[PDB]
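**Q** Quick one: experimental structure and sequence below.
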Amino acid sequence: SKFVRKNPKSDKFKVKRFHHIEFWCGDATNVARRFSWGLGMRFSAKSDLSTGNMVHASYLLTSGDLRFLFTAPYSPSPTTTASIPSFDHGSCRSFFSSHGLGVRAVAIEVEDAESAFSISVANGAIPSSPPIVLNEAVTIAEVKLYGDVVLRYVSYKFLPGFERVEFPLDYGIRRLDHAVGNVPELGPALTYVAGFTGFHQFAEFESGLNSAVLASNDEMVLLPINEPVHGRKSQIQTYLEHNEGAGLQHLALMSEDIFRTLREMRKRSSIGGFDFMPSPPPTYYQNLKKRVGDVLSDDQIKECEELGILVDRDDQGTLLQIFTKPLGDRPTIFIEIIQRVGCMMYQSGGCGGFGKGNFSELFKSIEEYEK
Amino acid sequence: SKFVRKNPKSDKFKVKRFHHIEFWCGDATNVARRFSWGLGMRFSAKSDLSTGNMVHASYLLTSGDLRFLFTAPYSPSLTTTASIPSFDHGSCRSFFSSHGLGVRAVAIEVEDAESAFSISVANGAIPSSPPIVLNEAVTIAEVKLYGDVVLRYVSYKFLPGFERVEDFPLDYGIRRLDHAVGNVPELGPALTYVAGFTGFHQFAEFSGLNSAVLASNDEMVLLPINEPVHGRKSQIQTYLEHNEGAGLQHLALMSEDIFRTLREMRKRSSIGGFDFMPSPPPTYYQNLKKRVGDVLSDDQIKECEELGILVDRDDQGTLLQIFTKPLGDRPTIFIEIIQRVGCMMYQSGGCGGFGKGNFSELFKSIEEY
Ligand SMILES: CS(=O)(=O)c1ccc(C(=O)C2C(=O)CCCC2=O)c(Cl)c1
Ligand SMILES: CS(=O)(=O)c1ccc(C(=O)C2C(=O)CCCC2=O)c(Cl)c1
Ligand SMILES: [Co+2]
């Protein structure tokens, strides 16, 4: 009858919000133009040959506060002209050859990235890139998160050496909600990240998985981590094979109206955008009526059925969510579109949870639908 | 007042059509999806995990008879399951790391690919992939064209291992591939190399570059080759530096109505499609009404101006063309859309040439104005 949650607000440095996601590409242009059309994100900044960067090509797409950065190495034929200082062709080519299209870097704003970096390394973080001040403006540092993903710190006083790009595109995507990594072993990954960050544990209510969510003090930076359960097979085990180890599994994208967004995105799956996981049976939506009846009107339940949208509830609020098919060649990274309703006071982070209860709700309605 | 062409029809094996182009990618899925929307090409066939292929991902777009194959290597941890028998992980990753996104293979239908291959290698051709017969249906061979591009021979009796994709659908008028142009450091050697093993003849010409066009007996397979002229800097040199050697410069796509195609493609430039080269000044389109006004109505002139379409003439016919910006990160491969008008007798290949004349016409319209 009552679910109680604790939060020791034990961040070791001041953390603000997600800043950007950096994908490592083979060709940044075609990936950036695919994502731009498929998600309704505007071309906003660039650092390439047209701006003087002869080391790497990097395009920034934005949608409200969401920033997707796409970076590809040029031919080596030194690094002075590069704008992102942690970059080198060897690590890029290795990453791509080993994992294919995927997230290299999850970037969080912090108060002081040099502060954030030294506290992290003192508490166990494996450094990947030390603090660099770019043009006495922004400071950027990087530490290993899991596998080949880096956590990147960004602090201020898009980036120096980027040029801005001038009715544009917008399907309602407003911000990144959470970024989820797949690891072989929850326990050590958790003690390692929680060890250097001080992020606390967020709460709960076959799956093939064990999950735990790491959260900053205000629970606005959310980092869930999944482990495969051995012994139908775990998609997470499947992820680890095709991704050649740990790596980022999915990004959830918060929308201000998931119906508009889903309408826009489903218009474009067959003309260059993203395809979606097959939708629940009709029994799943008959059961919505009185499981969230008090939050969704009957017209919005008809809307979820037309769009294949999943709904979940926890102690605080309600979550509307839908999962995209893998973004590239391998069955590795995919995207989630979500809208959280409730928990207003501003809206609190994790309002509605992460959809864990939809495993049963999907299985229940699939076995209901046969009979 | 008269231009005379010769054609020794000296092909050494029977050649039919441009069959497909194969791009080698980092990620086949995004490139193919981008090309699909920008060009109006249907997802036609595929060979990948969902088909059992654990070696490479390969997607086929088609528009009319034009076929674009996009191929990328999967992880080697997971080669009999591959459907393209010339594929190996190492070569692909070296290619992409050396050249970026680009064309790996120009494929032509030949009567018999093992015959075509054996005659080529005796007459100088460097082999890359020996004849392989697939499921007793199609034979496949590759010799070296220039740089890391191979000329690929296909003969029959899309490919075994490909599953068809069901699709309302996408179509902007692209109907076939017209020519495919390589950039090399030294025209002469490459010409004698390629012409030596094909028997292809020189199709004749009615700056920054020297070019010659090798054609098949019926001149339906057309392969121009560019050389940089040294000492404004040669865009062919710029190509050679950024692609790290010889490689394919552009593919010209024949459209059955370039006006239709361009309205479709320019609408999509800012929403994922392709952008175009800056268009000529207005004097270019004023000097058109007295240069091609016997072929295009005044309303078609106004249509070329609205779309930045270039027009040239030659002895037999008239060519409508326009060029795209570079397709990937590097300023290397780009696309051209063309429509040939004239030369009916079916239409003869190369009716109108290749746009040699527009260098002069673009300069002089710019000195005017
Ligand atoms: C197969 S499903 O029931 O529709 C479902 C639900 C939540 C999710 C995820 O967003 C959550 C969550 O985003 C964090 C990690 C634990 C999960 O499973 C996923 Cl990937 C799939
Ligand atoms: C600079 S332009 O007048 O727009 C022009 C014309 C022809 C072409 C080419 O299609 C032809 C032709 O495709 C190959 C032989 C040499 C050329 O220049 C190009 Cl890339 C540009
Ligand atoms: Co051309």
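**A** In hand now; what should we look at? Residues are numbered from 1 along each chain as shown, chains lettered A, B, ... in the order given. Ligands and ions are numbered 1, 2, ... in the order given.
**Q** going forward, measure contacts between C-alpha atoms and count neighbours the same way
**A** OK.
**Q** which residue does chain A bring closest to ligand 2?
**A** Chain A approaches ligand 2 most closely through residue A:50 (20.0 Å), counting by CA to the nearest ligand atom.
**Q** can you pull out the helices in chain A?
**A** Using DSSP state H, the helices found in chain A span residues A:28-39, A:89-99, A:113-122, A:186-197, A:235-242, A:258-266, A:282-286, A:298-307, A:358-370.
**Q** looking just at contacts, which helices and strands does the first one meet?
**A** So that's helix A:28-39. strand A:56-63, strand A:66-73, helix B:28-39 (3 or more CA pairs under 8 Å, 6 or more residues apart in numbering or on different chains; DSSP states H and E).
**Q** for those, which one sits closest to residue A:24?
**A** Ranking these by proximity to residue A:24 (CA to CA) places strand A:66-73 first, at 5.3 Å.
**Q** how many neighbours does residue A:341 have?
**A** Using other CA atoms under 10 Å in any protein chain shown, the number of residues around residue A:341 comes to 19.
**Q** Ramachandran coordinates for the residue of chain A closest to ligand 2?
**A** phi -70, psi -20 (degrees, to the nearest 10).
**Q** could you list every residue that touches the nearest residue to residue A:324 once chain neighbours are set aside?
**A** In this structure, residue A:324 finds its nearest non-sequential neighbour in residue A:276, 4.3 Å apart by CA to CA, 6 or more residues apart in numbering or on different chains. When contacts are counted by CA atoms under 8 Å, 6 or more residues apart in numbering or on different chains, residue A:276 touches A:266, A:269, A:322, A:323, A:324, A:325.
**Q** Export the helices and strands packed on helix A:28-39 as TSV, with columns for distance to ligand 1.
**A** What follows is the helices and strands packed on helix A:28-39, written out as TSV (distance: least, CA to the nearest ligand atom, whole Å):
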stretch	distance to ligand 1
strand A:56-63	20
strand A:66-73	17
helix B:28-39	21
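**Q** could you dump the ones you listed to CSV with distance to residue A:102?
**A** Below are those laid out as CSV (distance: least, CA to CA, whole Å):
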stretch, distance to residue A:102
strand A:56-63, 15
strand A:66-73, 10
helix B:28-39, 12
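**Q** Any chance of the contacts of residue A:276 in JSON lines with distance to ligand 2 and neighbour count as columns?
**A** Formatted as JSON lines, the contacts of residue A:276 follow (distance: CA to the nearest ligand atom, whole Å; neighbours: other CA atoms under 10 Å in any protein chain shown):
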{"residue": "A:266", "distance to ligand 2": "38", "neighbour count": "16"}
{"residue": "A:269", "distance to ligand 2": "33", "neighbour count": "14"}
{"residue": "A:322", "distance to ligand 2": "45", "neighbour count": "25"}
{"residue": "A:323", "distance to ligand 2": "43", "neighbour count": "21"}
{"residue": "A:324", "distance to ligand 2": "40", "neighbour count": "17"}
{"residue": "A:325", "distance to ligand 2": "39", "neighbour count": "16"}
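**Q** State the pair within those that is farthest apart.
**A** Farthest apart among those by CA to CA are A:269 and A:322. That separation is 14.1 Å.
**Q** Name the nearest residue to residue A:25, ignoring sequence neighbours.
**A** Excluding the flanking residues, the one nearest residue A:25 by CA to CA, 6+ apart is residue A:72, at 5.0 Å.
**Q** Pull the contacting residues for that neighbour.
**A** Counting by CA under 8 Å, 6+ apart, residue A:72 makes contact with A:24, A:25, A:26, A:27, A:28, A:56, A:57, A:58, A:92, B:329.
**Q** give me that answer again for 6 Å
**A** Going by CA atoms under 6 Å, 6 or more residues apart in numbering or on different chains, residue A:72 touches A:25, A:26, A:27, A:28, A:56, A:57.
**Q** Surely residue A:107 touches residue A:20?
**A** Yes - using CA atoms under 6 Å, residue A:107 is in contact with residue A:20, at 5.1 Å.
**Q** Neighbour count: the two, which is higher?
**A** Higher neighbour count among residue A:107 and residue A:20: residue A:20, with 24 against 21, using other CA under 10 Å.
**Q** what about the more buried one, distance to chain B?
**A** Relative to chain B, residue A:20 is positioned 21 Å away (CA to the nearest CA, to the nearest Å).
**Q** and that residue, what is it in contact with?
**A** With CA under 6 Å, 6+ apart, residue A:20 has these contacts: A:67, A:68, A:107.
**Q** what about the second one, how many neighbours?
**A** Spelled out, that is residue A:68. Burial measure for residue A:68: 24 neighbouring residues, criterion other CA under 10 Å.
**Q** Who are the contact partners of it?
**A** Contacts of residue A:68 by CA under 6 Å, 6+ apart are A:20, A:21, A:60, A:61.
**Q** Any idea what the most centrally placed residue in chain A is bridged to?
**A** Nearest residue to the geometric centre of chain A (CA atoms, centre = their mean): residue A:251, 2.3 Å. Assessed by DSSP bridges, residue A:251 has beta-bridge partners residue A:179, residue A:335.
**Q** I'd say it and residue A:179 touch.
**A** Yes - with contact defined as CA under 6 Å, residue A:251 reaches residue A:179; the gap is 4.5 Å.
**Q** Give me the common contacts of these two.
**A** With contacts defined as CA under 6 Å, 6+ apart, no residue is adjacent to both residue A:251 and residue A:179.
**Q** correct me, but residue A:337 touches residue A:320?
**A** No - counting by CA under 6 Å, residue A:337 stays clear of residue A:320, with 8.1 Å between them.
**Q** where do the contact lists of those two overlap?
**A** With CA under 6 Å, 6+ apart, residue A:337 and residue A:320 have no common neighbours.
**Q** I'd like to know how many residues surround the closest residue to chain B within the stretch 201-350 of chain A.
**A** Proximity of the stretch 201-350 of chain A to chain B (CA to the nearest CA) peaks at residue A:272, 4.8 Å away. Neighbourhood size, residue A:272 [other CA under 10 Å]: 25.
**Q** how about it, what does it touch?
**A** By CA under 6 Å, 6+ apart, the residues touching residue A:272 are B:33, B:34, B:37.
**Q** With residue A:333 instead?
**A** Counting by CA under 6 Å, 6+ apart, residue A:333 makes contact with A:249, A:250, A:326.
**Q** who wins for most neighbours among those residues?
**A** For these, the largest number of neighbours (other CA under 10 Å) sits with residue A:249, at 25 neighbours.
**Q** For that one, give me its contacts.
**A** Applying CA under 6 Å, 6+ apart, we find residue A:249 in contact with A:180, A:181, A:182, A:333.
**Q** nearest residue to residue A:328 other than its sequence neighbours?
**A** Leaving out its chain neighbours, the residue that sits closest to residue A:328 by CA to CA, 6+ apart is residue B:29, at 5.4 Å.
**Q** interface residues of the stretch 51-200 of chain A facing ligand 2?
**A** Within the stretch 51-200 of chain A, not a single residue sits near ligand 2 (CA under 6 Å from any ligand atom).
**Q** the domain parsing of chain A - what is it?
**A** Using curated CATH domains, the domain parsing of chain A gives A:1-170, A:171-371.
**Q** Report the distance from the first one to the chain centre.
**A** Going back to what we said before, that points to domain A:1-170. Here the centre of domain A:1-170 is set off from its chain's centre by 13 Å, with CA atoms, centre = their mean, to the nearest Å.
**Q** Also the longest one?
**A** With CA atoms, centre = their mean as the basis, domain A:171-371 stands 11 Å off its chain's centre.
**Q** Just give me the neighbour total for residue A:351.
**A** Number of residues near residue A:351 (other CA under 10 Å) recorded here: 20.
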